[PDB]
Amino acid sequence: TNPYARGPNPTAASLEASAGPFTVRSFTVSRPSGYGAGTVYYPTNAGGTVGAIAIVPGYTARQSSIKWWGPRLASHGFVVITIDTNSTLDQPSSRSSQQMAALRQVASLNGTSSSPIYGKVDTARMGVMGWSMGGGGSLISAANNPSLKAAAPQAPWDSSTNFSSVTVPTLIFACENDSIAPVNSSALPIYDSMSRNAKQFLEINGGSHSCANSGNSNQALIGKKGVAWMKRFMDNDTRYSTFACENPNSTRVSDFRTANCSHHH
Ligand SMILES: [Cl-]
Ligand code: NA
């Protein structure tokens, strides 16, 4: 029935695993348009067109900090682009423009016969993710582009915490012990500002600012949640509603909040 549903019915184990059902390949963007550099991860055997997600790092950071998401998401049926910004010192508004530029390029590559992703993307179904300033940029992207299907920033920061205009379903990963972008002044005020969307707050117990980055020790949970969120909202895949909306009730989570996530008859 759902034309966007891909892959086998999910389980907790399947979502917690390092890899999803699909085989993944990647390429580096040869001529980046509007951003510094990019790597595109894609499924080779999805069975249908899939949505696209663009991920941006934090200040001073590069693709390495967020690269784990690429294969993790692509393996579940997404085309994911991780970027390096024009400057490592770019601010959130710039990061947002660059993130959108990356999504635009994925759309262009979907239409380029020589590309590995030719015809593999449903350009009408897109998502945004990012770390810190990149997370704030993801939120800026969502505010400015309400046709985006999902947002899942991690340890987000922006100069303004008021994201009241966001109508995109948004999952905020936070880190309890963050000293760069403290939860109390950053992630949580941002979460609280949003009253018009499906939203979720997931704080990792004892986490530093890099708690959701490559090499984190909570990939099973974090990966499960991120994929579930994207599946539920990018693909409208209600097979993932419990996973997306549930409170994990895990020692790894120190603070869980959610609103407007579950469907009511
Ligand atoms: Cl920290
Ligand atoms: Na460029």
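One-based numbering along the chain as shown.
Every residue, even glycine, has its Cβ placed from backbone N, Cα and C.
Positions annotated as active site, nucleophile by Swiss-Prot, on the basis of a curator's inference: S132. If you take the C-beta of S132 (active site, nucleophile) and look for same-chain residues 6 or more apart in sequence within under 8 angstroms, you find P57, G58, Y59, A61, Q154, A155, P156, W157, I180, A181, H209. Classification of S132 (active site, nucleophile) by DSSP places it in coil, neither helical nor stranded.
According to its DSSP assignment, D178 (active site, charge relay system) is coil. Taken from Swiss-Prot, the feature active site, charge relay system applies to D178 (among others), supported by a curator's inference.
What Swiss-Prot records for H209 (among others) is active site, charge relay system. Other Cβ atoms within 10 Å of the Cβ of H209 (active site, charge relay system) number 20 in total over all chains.
Under DSSP, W157 (poly(ethylene terephthalate) binding site) is assigned to coil, being neither helix nor strand in the three-state scheme. If you look up Swiss-Prot, you'll see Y59, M133, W157 marked as poly(ethylene terephthalate) binding site.
Around the Cβ of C175 (disulfide bond), a 10 Å sphere holds 26 further Cβ atoms from the protein chains shown. Annotation source Swiss-Prot lists disulfide bond at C175-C211 (among others).
According to DSSP, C245 (disulfide bond) sits within a helical segment. The disulfide bond feature in Swiss-Prot is assigned to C245-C261 (among others).
The expression tag feature in the PDB entry is assigned to 263-265.
All protein chains included, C211 (disulfide bond) registers 24 other Cβ atoms within 10 Å of its own Cβ. Cα-Cα distance from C175 (disulfide bond) to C245 (disulfide bond): 19 Å (rounded to the nearest whole number). Proximity of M133 (poly(ethylene terephthalate) binding site) to non-local residues of its own chain (separation of 6 or more, Cβ distance below 8 Å) is seen for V56, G58, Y59, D90, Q91, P92, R95, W157, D158, given in sequence order.
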